file coords_21.cif (mmCIF, N, CA and C atoms; chains and numbers go by the auth columns)
data_work
loop_
_atom_site.group_PDB
_atom_site.id
_atom_site.type_symbol
_atom_site.label_atom_id
_atom_site.label_comp_id
_atom_site.label_asym_id
_atom_site.label_seq_id
_atom_site.Cartn_x
_atom_site.Cartn_y
_atom_site.Cartn_z
_atom_site.B_iso_or_equiv
_atom_site.auth_seq_id
_atom_site.auth_asym_id
ATOM 1 N N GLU A 1 -12.370 9.171 -12.254 0.00 1 U
ATOM 2 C CA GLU A 1 -11.656 9.991 -11.274 0.00 1 U
ATOM 3 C C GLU A 1 -10.864 9.117 -10.308 0.00 1 U
ATOM 4 N N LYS A 2 -11.375 7.942 -9.921 0.00 2 U
ATOM 5 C CA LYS A 2 -10.772 7.096 -8.890 0.00 2 U
ATOM 6 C C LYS A 2 -10.319 7.959 -7.701 0.00 2 U
ATOM 7 N N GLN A 3 -9.003 8.129 -7.540 0.00 3 U
ATOM 8 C CA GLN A 3 -8.344 9.114 -6.696 0.00 3 U
ATOM 9 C C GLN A 3 -8.965 9.199 -5.307 0.00 3 U
ATOM 10 N N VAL A 4 -9.941 10.079 -5.108 0.00 4 U
ATOM 11 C CA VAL A 4 -10.506 10.314 -3.793 0.00 4 U
ATOM 12 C C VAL A 4 -11.085 9.011 -3.252 0.00 4 U
ATOM 13 N N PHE A 5 -11.746 8.231 -4.107 0.00 5 U
ATOM 14 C CA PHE A 5 -12.347 6.966 -3.716 0.00 5 U
ATOM 15 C C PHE A 5 -11.285 5.869 -3.657 0.00 5 U
ATOM 16 N N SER A 6 -10.230 6.080 -2.876 0.00 6 U
ATOM 17 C CA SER A 6 -9.122 5.156 -2.686 0.00 6 U
ATOM 18 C C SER A 6 -9.169 4.554 -1.281 0.00 6 U
ATOM 19 N N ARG A 7 -8.215 3.679 -0.970 0.00 7 U
ATOM 20 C CA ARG A 7 -7.953 3.219 0.386 0.00 7 U
ATOM 21 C C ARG A 7 -6.621 3.859 0.759 0.00 7 U
ATOM 22 N N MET A 8 -6.533 4.546 1.898 0.00 8 U
ATOM 23 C CA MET A 8 -5.259 5.031 2.366 0.00 8 U
ATOM 24 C C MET A 8 -4.517 3.825 2.949 0.00 8 U
ATOM 25 N N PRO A 9 -3.330 3.486 2.433 0.00 9 U
ATOM 26 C CA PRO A 9 -2.575 2.355 2.933 0.00 9 U
ATOM 27 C C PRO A 9 -2.039 2.703 4.327 0.00 9 U
ATOM 28 N N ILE A 10 -2.082 1.755 5.263 0.00 10 U
ATOM 29 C CA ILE A 10 -1.610 1.968 6.628 0.00 10 U
ATOM 30 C C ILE A 10 -0.078 1.972 6.652 0.00 10 U
ATOM 31 N N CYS A 11 0.513 3.073 7.120 0.00 11 U
ATOM 32 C CA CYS A 11 1.931 3.390 7.006 0.00 11 U
ATOM 33 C C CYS A 11 2.488 3.639 8.398 0.00 11 U
ATOM 34 N N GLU A 12 3.050 2.608 9.015 0.00 12 U
ATOM 35 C CA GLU A 12 3.906 2.691 10.177 0.00 12 U
ATOM 36 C C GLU A 12 4.584 1.334 10.360 0.00 12 U
ATOM 37 N N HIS A 13 5.277 1.155 11.479 0.00 13 U
ATOM 38 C CA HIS A 13 5.677 -0.136 12.004 0.00 13 U
ATOM 39 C C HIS A 13 5.167 -0.156 13.442 0.00 13 U
ATOM 40 N N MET A 14 4.050 -0.825 13.727 0.00 14 U
ATOM 41 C CA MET A 14 3.580 -0.935 15.101 0.00 14 U
ATOM 42 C C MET A 14 4.676 -1.555 15.973 0.00 14 U
ATOM 43 N N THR A 15 4.664 -1.232 17.262 0.00 15 U
ATOM 44 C CA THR A 15 5.499 -1.899 18.241 0.00 15 U
ATOM 45 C C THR A 15 5.234 -3.401 18.143 0.00 15 U
ATOM 46 N N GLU A 16 3.972 -3.769 18.341 0.00 16 U
ATOM 47 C CA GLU A 16 3.490 -5.131 18.263 0.00 16 U
ATOM 48 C C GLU A 16 3.322 -5.547 16.795 0.00 16 U
ATOM 49 N N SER A 17 4.383 -5.556 15.992 0.00 17 U
ATOM 50 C CA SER A 17 4.320 -6.196 14.686 0.00 17 U
ATOM 51 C C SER A 17 5.733 -6.570 14.217 0.00 17 U
ATOM 52 N N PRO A 18 6.042 -7.864 14.027 0.00 18 U
ATOM 53 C CA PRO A 18 7.336 -8.287 13.534 0.00 18 U
ATOM 54 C C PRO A 18 7.363 -8.127 12.011 0.00 18 U
ATOM 55 N N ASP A 19 7.127 -9.210 11.273 0.00 19 U
ATOM 56 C CA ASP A 19 7.035 -9.179 9.825 0.00 19 U
ATOM 57 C C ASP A 19 5.714 -8.533 9.421 0.00 19 U
ATOM 58 N N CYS A 20 5.554 -8.190 8.149 0.00 20 U
ATOM 59 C CA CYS A 20 4.237 -7.939 7.577 0.00 20 U
ATOM 60 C C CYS A 20 3.587 -9.281 7.262 0.00 20 U
ATOM 61 N N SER A 21 3.489 -10.119 8.305 0.00 21 U
ATOM 62 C CA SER A 21 3.221 -11.554 8.371 0.00 21 U
ATOM 63 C C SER A 21 2.954 -12.247 7.032 0.00 21 U
ATOM 64 N N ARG A 22 3.877 -12.113 6.076 0.00 22 U
ATOM 65 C CA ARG A 22 3.700 -12.411 4.661 0.00 22 U
ATOM 66 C C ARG A 22 2.233 -12.357 4.242 0.00 22 U
ATOM 67 N N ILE A 23 1.625 -11.200 4.487 0.00 23 U
ATOM 68 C CA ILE A 23 0.253 -10.878 4.142 0.00 23 U
ATOM 69 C C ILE A 23 0.242 -10.637 2.637 0.00 23 U
ATOM 70 N N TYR A 24 0.032 -11.697 1.861 0.00 24 U
ATOM 71 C CA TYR A 24 -0.063 -11.566 0.423 0.00 24 U
ATOM 72 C C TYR A 24 -1.393 -10.900 0.122 0.00 24 U
ATOM 73 N N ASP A 25 -1.366 -9.724 -0.496 0.00 25 U
ATOM 74 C CA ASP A 25 -2.577 -8.959 -0.720 0.00 25 U
ATOM 75 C C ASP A 25 -2.329 -7.861 -1.754 0.00 25 U
ATOM 76 N N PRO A 26 -2.409 -8.161 -3.055 0.00 26 U
ATOM 77 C CA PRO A 26 -2.037 -7.202 -4.065 0.00 26 U
ATOM 78 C C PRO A 26 -3.020 -6.034 -4.076 0.00 26 U
ATOM 79 N N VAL A 27 -2.573 -4.882 -4.566 0.00 27 U
ATOM 80 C CA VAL A 27 -3.387 -3.695 -4.766 0.00 27 U
ATOM 81 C C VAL A 27 -2.785 -2.943 -5.948 0.00 27 U
ATOM 82 N N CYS A 28 -3.552 -2.040 -6.551 0.00 28 U
ATOM 83 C CA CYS A 28 -3.054 -1.156 -7.593 0.00 28 U
ATOM 84 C C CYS A 28 -2.840 0.237 -7.018 0.00 28 U
ATOM 85 N N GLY A 29 -1.625 0.774 -7.099 0.00 29 U
ATOM 86 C CA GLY A 29 -1.330 2.090 -6.558 0.00 29 U
ATOM 87 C C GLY A 29 -1.814 3.198 -7.497 0.00 29 U
ATOM 88 N N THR A 30 -1.940 4.427 -6.995 0.00 30 U
ATOM 89 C CA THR A 30 -2.234 5.606 -7.806 0.00 30 U
ATOM 90 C C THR A 30 -1.143 5.883 -8.836 0.00 30 U
ATOM 91 N N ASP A 31 0.063 5.374 -8.611 0.00 31 U
ATOM 92 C CA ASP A 31 1.173 5.445 -9.544 0.00 31 U
ATOM 93 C C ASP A 31 0.892 4.485 -10.697 0.00 31 U
ATOM 94 N N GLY A 32 0.001 3.517 -10.499 0.00 32 U
ATOM 95 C CA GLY A 32 -0.458 2.621 -11.538 0.00 32 U
ATOM 96 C C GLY A 32 0.373 1.351 -11.618 0.00 32 U
ATOM 97 N N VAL A 33 1.275 1.100 -10.673 0.00 33 U
ATOM 98 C CA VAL A 33 1.959 -0.174 -10.561 0.00 33 U
ATOM 99 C C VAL A 33 1.252 -1.003 -9.492 0.00 33 U
ATOM 100 N N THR A 34 1.271 -2.319 -9.673 0.00 34 U
ATOM 101 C CA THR A 34 0.769 -3.238 -8.677 0.00 34 U
ATOM 102 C C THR A 34 1.791 -3.339 -7.540 0.00 34 U
ATOM 103 N N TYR A 35 1.318 -3.400 -6.297 0.00 35 U
ATOM 104 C CA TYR A 35 2.114 -3.777 -5.135 0.00 35 U
ATOM 105 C C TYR A 35 1.479 -5.042 -4.571 0.00 35 U
ATOM 106 N N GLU A 36 2.296 -5.988 -4.113 0.00 36 U
ATOM 107 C CA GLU A 36 1.937 -7.332 -3.673 0.00 36 U
ATOM 108 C C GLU A 36 1.344 -7.415 -2.254 0.00 36 U
ATOM 109 N N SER A 37 1.472 -6.372 -1.437 0.00 37 U
ATOM 110 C CA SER A 37 0.968 -6.322 -0.069 0.00 37 U
ATOM 111 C C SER A 37 0.778 -4.848 0.279 0.00 37 U
ATOM 112 N N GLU A 38 -0.366 -4.464 0.866 0.00 38 U
ATOM 113 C CA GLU A 38 -0.642 -3.088 1.248 0.00 38 U
ATOM 114 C C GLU A 38 0.540 -2.580 2.076 0.00 38 U
ATOM 115 N N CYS A 39 1.034 -3.437 2.973 0.00 39 U
ATOM 116 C CA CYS A 39 2.215 -3.128 3.754 0.00 39 U
ATOM 117 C C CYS A 39 3.354 -2.692 2.843 0.00 39 U
ATOM 118 N N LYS A 40 3.786 -3.560 1.930 0.00 40 U
ATOM 119 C CA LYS A 40 4.865 -3.252 0.997 0.00 40 U
ATOM 120 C C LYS A 40 4.573 -1.988 0.181 0.00 40 U
ATOM 121 N N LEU A 41 3.324 -1.745 -0.223 0.00 41 U
ATOM 122 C CA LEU A 41 2.979 -0.483 -0.866 0.00 41 U
ATOM 123 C C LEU A 41 3.370 0.669 0.050 0.00 41 U
ATOM 124 N N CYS A 42 2.885 0.661 1.289 0.00 42 U
ATOM 125 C CA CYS A 42 3.275 1.671 2.266 0.00 42 U
ATOM 126 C C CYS A 42 4.777 1.755 2.473 0.00 42 U
ATOM 127 N N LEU A 43 5.459 0.635 2.659 0.00 43 U
ATOM 128 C CA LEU A 43 6.904 0.589 2.798 0.00 43 U
ATOM 129 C C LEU A 43 7.565 1.334 1.633 0.00 43 U
ATOM 130 N N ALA A 44 7.186 1.020 0.397 0.00 44 U
ATOM 131 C CA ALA A 44 7.682 1.719 -0.777 0.00 44 U
ATOM 132 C C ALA A 44 7.327 3.210 -0.724 0.00 44 U
ATOM 133 N N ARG A 45 6.098 3.524 -0.343 0.00 45 U
ATOM 134 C CA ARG A 45 5.621 4.886 -0.198 0.00 45 U
ATOM 135 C C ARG A 45 6.517 5.659 0.776 0.00 45 U
ATOM 136 N N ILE A 46 6.880 5.044 1.901 0.00 46 U
ATOM 137 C CA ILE A 46 7.741 5.615 2.922 0.00 46 U
ATOM 138 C C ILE A 46 9.165 5.755 2.386 0.00 46 U
ATOM 139 N N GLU A 47 9.736 4.702 1.795 0.00 47 U
ATOM 140 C CA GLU A 47 11.129 4.738 1.381 0.00 47 U
ATOM 141 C C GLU A 47 11.306 5.823 0.317 0.00 47 U
ATOM 142 N N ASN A 48 10.428 5.824 -0.683 0.00 48 U
ATOM 143 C CA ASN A 48 10.508 6.779 -1.773 0.00 48 U
ATOM 144 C C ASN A 48 10.023 8.148 -1.322 0.00 48 U
ATOM 145 N N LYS A 49 9.135 8.198 -0.329 0.00 49 U
ATOM 146 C CA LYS A 49 8.418 9.394 0.094 0.00 49 U
ATOM 147 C C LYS A 49 7.507 9.847 -1.045 0.00 49 U
ATOM 148 N N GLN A 50 6.401 9.127 -1.227 0.00 50 U
ATOM 149 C CA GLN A 50 5.383 9.413 -2.228 0.00 50 U
ATOM 150 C C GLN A 50 4.009 9.480 -1.560 0.00 50 U
ATOM 151 N N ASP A 51 2.996 10.010 -2.253 0.00 51 U
ATOM 152 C CA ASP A 51 1.614 10.005 -1.788 0.00 51 U
ATOM 153 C C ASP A 51 0.807 8.984 -2.586 0.00 51 U
ATOM 154 N N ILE A 52 1.272 7.737 -2.581 0.00 52 U
ATOM 155 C CA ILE A 52 0.573 6.653 -3.254 0.00 52 U
ATOM 156 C C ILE A 52 -0.712 6.383 -2.470 0.00 52 U
ATOM 157 N N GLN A 53 -1.811 6.067 -3.149 0.00 53 U
ATOM 158 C CA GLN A 53 -3.011 5.539 -2.521 0.00 53 U
ATOM 159 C C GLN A 53 -3.410 4.262 -3.246 0.00 53 U
ATOM 160 N N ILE A 54 -4.183 3.406 -2.583 0.00 54 U
ATOM 161 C CA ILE A 54 -4.707 2.206 -3.208 0.00 54 U
ATOM 162 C C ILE A 54 -5.889 2.647 -4.056 0.00 54 U
ATOM 163 N N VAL A 55 -5.786 2.500 -5.372 0.00 55 U
ATOM 164 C CA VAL A 55 -6.876 2.805 -6.278 0.00 55 U
ATOM 165 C C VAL A 55 -7.937 1.732 -6.113 0.00 55 U
ATOM 166 N N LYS A 56 -7.525 0.466 -6.125 0.00 56 U
ATOM 167 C CA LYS A 56 -8.414 -0.616 -5.759 0.00 56 U
ATOM 168 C C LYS A 56 -7.615 -1.818 -5.278 0.00 56 U
ATOM 169 N N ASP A 57 -8.324 -2.694 -4.573 0.00 57 U
ATOM 170 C CA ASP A 57 -7.859 -3.963 -4.053 0.00 57 U
ATOM 171 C C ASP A 57 -7.535 -4.887 -5.221 0.00 57 U
ATOM 172 N N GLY A 58 -6.486 -5.685 -5.095 0.00 58 U
ATOM 173 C CA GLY A 58 -6.043 -6.596 -6.132 0.00 58 U
ATOM 174 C C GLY A 58 -5.357 -5.859 -7.280 0.00 58 U
ATOM 175 N N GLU A 59 -4.898 -6.627 -8.264 0.00 59 U
ATOM 176 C CA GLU A 59 -3.974 -6.145 -9.273 0.00 59 U
ATOM 177 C C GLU A 59 -4.559 -5.057 -10.187 0.00 59 U
ATOM 178 N N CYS A 60 -3.662 -4.310 -10.842 0.00 60 U
ATOM 179 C CA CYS A 60 -3.996 -3.164 -11.683 0.00 60 U
ATOM 180 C C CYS A 60 -4.814 -3.569 -12.898 0.00 60 U
#

call {"tool": "encode", "arguments": {"input": "coords_21.cif", "output": "structure tokens"}}
result
Amino acid sequence: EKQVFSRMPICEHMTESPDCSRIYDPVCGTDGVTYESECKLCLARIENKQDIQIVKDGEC
């Protein structure tokens, strides 16, 4: 099932945050593609407007 047992990726741009401090941190999305940083997963989620969740930490 995975799905419910996901991590919700944190999706905003805090005031107090410049870069996604090159936080290298891969995850596997519910879409089933790897994203290289939870931030970038969220960024993609926002740009595309999707309900991606982290299925698990690290690559697919």

call {"tool": "closest_residue", "arguments": {"input": "coords_21.cif", "among": "U:49, U:60, U:54, U:42", "to": "residue U:11", "atoms": "all atoms listed in the file"}}
result
U:42

call {"tool": "residues_around", "arguments": {"input": "coords_21.cif", "residues": "residue U:25", "least_positions_apart": "4", "cutoff": "12 Å", "atoms": "only C-alpha atoms", "output": "VMD selection string"}}
result
chain U and resid 9 20 to 21 34 to 41 54 56 to 59

call {"tool": "resolve_selection", "arguments": {"input": "coords_21.cif", "expression": "the PyMOL selection byres ((chain U and resi 2) around 8)", "output": "list in words"}}
result
residues 1, 3, 4, 5, 6, 54, 55 and 56 of chain U

call {"tool": "resolve_selection", "arguments": {"input": "coords_21.cif", "expression": "the PyMOL selection byres ((chain U and resi 31) around 6)", "output": "CSV table (one decimal) with N, CA and C atoms, keeping the file's coordinate frame"}}
result
chain,number,residue,atom,x,y,z
U,29,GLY,N,-1.6,0.8,-7.1
U,29,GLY,CA,-1.3,2.1,-6.6
U,29,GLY,C,-1.8,3.2,-7.5
U,30,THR,N,-1.9,4.4,-7.0
U,30,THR,CA,-2.2,5.6,-7.8
U,30,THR,C,-1.1,5.9,-8.8
U,32,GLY,N,0.0,3.5,-10.5
U,32,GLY,CA,-0.5,2.6,-11.5
U,32,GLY,C,0.4,1.4,-11.6
U,33,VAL,N,1.3,1.1,-10.7
U,33,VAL,CA,2.0,-0.2,-10.6
U,33,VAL,C,1.3,-1.0,-9.5
U,52,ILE,N,1.3,7.7,-2.6
U,52,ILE,CA,0.6,6.7,-3.3
U,52,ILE,C,-0.7,6.4,-2.5
U,53,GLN,N,-1.8,6.1,-3.1
U,53,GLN,CA,-3.0,5.5,-2.5
U,53,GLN,C,-3.4,4.3,-3.2

call {"tool": "atom_distance", "arguments": {"input": "coords_21.cif", "atom1": "atom CA of residue U:15", "atom2": "atom CA of residue U:43"}}
result
15.7 Å
